[PDB]
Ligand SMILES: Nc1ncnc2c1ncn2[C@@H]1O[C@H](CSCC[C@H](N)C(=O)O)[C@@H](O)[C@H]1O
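Here you get one chain, nothing else, as structure tokens; it is the form deposited without S-adenosyl-L-homocysteine.
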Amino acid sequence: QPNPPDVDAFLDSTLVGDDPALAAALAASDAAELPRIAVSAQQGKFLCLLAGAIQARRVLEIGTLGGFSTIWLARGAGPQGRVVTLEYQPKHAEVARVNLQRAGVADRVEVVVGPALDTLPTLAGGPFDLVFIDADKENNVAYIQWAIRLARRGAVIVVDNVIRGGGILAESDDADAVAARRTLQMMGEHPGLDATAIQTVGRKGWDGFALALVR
């Protein structure tokens, strides 16, 4: 009987528990018709613990998607940390701001509105410790080149949804699956990166994330 969504409900109850600020962010994102949140609670808390493990003080997020991922990163970056998150749609940006205010981390977060390919070149404040990429996968090759350019040596880059239910193997038909396949090929062959990819299951289905160190 047991399937990965059922295991994730057990893991959420056991390791995350009641988190009204996250519940409210997911509800508000549904009401405003954002795209689906990219990370499960377990995957989001992974990003939180990764940020804490490396003592991330400056985090770049490409794809705010309602700020569920952003809340986790801002919690992990801690009282002194700062997250810069890039959102395309101003309405989506406003949803994220309210979700961040309700979670008590709006002071750690700057939401930067506009197409990421136009706003990435305009970022200052200095190099990032951690870059998280989870929207607009057609532009992943450009986002990864920008991530490398904006990140310190030894920084972590995480790219969400690089597996697409195994579509990356046999689906030339699907632009989405092709774009995920292309981001893996780019991360593997880039001499500025050392990269792995973890296939995941749970409440977000069969997918996975790439994780790289900047050399």
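In case it trips you up, residue 1 is the first one in the sequence shown, and so on. Whichever C-alpha set is largest while still superposing within 1.5 Å between the two forms counts as the rigid core.
Omitted from view is the form solved in complex with S-adenosyl-L-homocysteine, to which the following refers.
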Say S-adenosyl-L-homocysteine is put on the shown chain the way it sits in the deposited bound form, by superposing the C-alphas near its site; is the site then open or blocked (3+ ligand atoms within 2.4 Å of backbone or C-beta)? blocked
Tell me the stretch among 134-142, 75-83, 99-107, 121-129 that has any heavy atom within 4.5 angstroms of S-adenosyl-L-homocysteine in the deposited bound form. 134-142
Taking 4.5 Å between heavy atoms as the contact cutoff, choose which of 187, 168, 37, 151 touches S-adenosyl-L-homocysteine in the deposited bound form. 37
Work out which of 155, 179, 65, 158 lies within 4.5 Å of S-adenosyl-L-homocysteine in the deposited bound form, going by heavy atoms. 65
Should residue 116 be classed as touching S-adenosyl-L-homocysteine in the deposited bound form when contacts are defined as heavy atoms within 4.5 Å? yes
Which residue, 188, 52, 35, 167, is displaced 2 Å or more at the Cα between this form and the one not shown after superposing the core? 35
Inter-Cα distance between residue 36 and residue 184 in the deposited bound form, nearer or further [3 Å or more]: farther
